[PDB]
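Just the one chain here, laid out as structure tokens, in the form solved without the named molecule.
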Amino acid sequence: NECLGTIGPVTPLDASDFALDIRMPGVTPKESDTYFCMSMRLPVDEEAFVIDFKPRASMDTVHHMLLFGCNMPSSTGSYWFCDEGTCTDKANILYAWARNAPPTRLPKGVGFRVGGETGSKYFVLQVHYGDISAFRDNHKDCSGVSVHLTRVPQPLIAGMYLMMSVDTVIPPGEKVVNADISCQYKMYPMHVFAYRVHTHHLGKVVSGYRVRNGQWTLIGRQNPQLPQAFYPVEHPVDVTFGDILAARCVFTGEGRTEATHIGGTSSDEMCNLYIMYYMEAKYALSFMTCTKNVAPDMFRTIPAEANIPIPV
């Protein structure tokens, strides 16, 4: 309503569905590269399924938008700067939009489970504004995302497998440092349909693989300095009990003056790989994580592909 929109925060869509319009409350970025966050509580207490998204991004300023599910947003204000945090509990990523990135429309019969016993009670929207022009000091923006929710159970439930490196340091000036992550998979099958990579400025490339009986199958690989949206996996990759998930983040220590710790508690660097999957609903869970390298020896046999740069 802060930009004269008539659409309420909740619109029923027929018997069992509703749309949630999650939009900035008329914010004003005053400096380039500004991340704003806001929260939106789920109007239902029982479980519901997020089945579609529609981005409502302003023409020019907005570069990137992320949507998370969590139970405790970092603030109770109408908005906040995301540098304060997104959620104080675990922020579960559900959606990314980057201008000019490939979209990732959820496959048919797939939804994220929210609400209920296990599910997230809030969405948190992050909106990244890039360079802003002079003379926009009193402009109000209501960028965001509309979310389609249904109470109809979906046969396939979407989730996120988060791979993160926390054991590796980049010594200053070392041209190439690899951070390797690996975990055994021990659940019912997941089918990986998209992925997103995240590092700070020293990242060169991030790759994730499923390894089964010694064979490596690419899930995805990208340069983390490109827009951190979800890139679609052209052919979804099935990951099953007894497979290993393996990732390698390639970094540089060039230009650095001190050691740079990857995944440190006061970061400086990170390597995160977000693997968006679906699972058959009655066996599904909504998130899984790997924060170690259980099979470091395996990375001697890694495909040469994983070391090839994906420039600029």
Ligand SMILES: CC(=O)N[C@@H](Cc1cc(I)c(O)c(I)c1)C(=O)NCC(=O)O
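One rule holds for the numbers: they count along the sequence shown, beginning at 1. The term rigid core refers to the maximal set of C-alpha atoms that superpose within 1.5 Å between the two forms. Shifts are known only where both forms have a C-alpha.
Although it is not shown, the form deposited with the named molecule bound is what the next lines describe.
- By the criterion of a heavy atom within 4.5 Å, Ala19 is counted among the residues contacting the named molecule in the bound PDB entry.
- Proximity of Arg196 to the named molecule in the bound PDB entry: non-hydrogen atoms within 4.5 Å are present.
- When contacts are judged by a 4.5 Å heavy atom cut-off, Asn272 counts as touching the named molecule in the bound PDB entry.
- The named molecule is not shown here, but in the bound PDB entry it comes within 4.5 Å of a heavy atom of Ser146.
- Residues within 4.5 angstroms of the named molecule in the bound PDB entry, judged by any non-hydrogen atom, belong to 85-93 and to none of the other stretches in 134-142, 170-178, 219-227, 85-93.
- Contact with the named molecule in the bound PDB entry holds for all three of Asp52, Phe68 and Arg105, each having a heavy atom within 4.5 Å.
- Checked against the named molecule in the bound PDB entry, the residues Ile262, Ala246, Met279, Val250 give one hit for a heavy atom within 4.5 Å, which is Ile262.
- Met164 is the sole member of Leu156, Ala101, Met72, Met164 with a non-hydrogen atom lying within 4.5 angstroms of the named molecule in the bound PDB entry.
- Interface residues of 1-15, taken as those with a heavy atom within 4.5 Å of the named molecule in the bound PDB entry (partner not displayed): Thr11, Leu13, in sequence order.
- Shown in the overlay between the shown form and the other one, fitted on the rigid core, is a CA shift at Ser267 of 2 Å or greater.
- In the bound PDB entry, the Cα-Cα separation between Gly264 and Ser32 shrinks by 3 Å or more relative to the displayed conformation.
- Between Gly264 and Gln184, the Cα spacing is larger in the bound PDB entry than in the shown form, differing by no less than 3 Å.
- Displacement of the C-alpha atoms by 2 Å or more across three or more consecutive residues between the shown form and the other one, following core superposition, is confined to the runs 1-7, 262-267.
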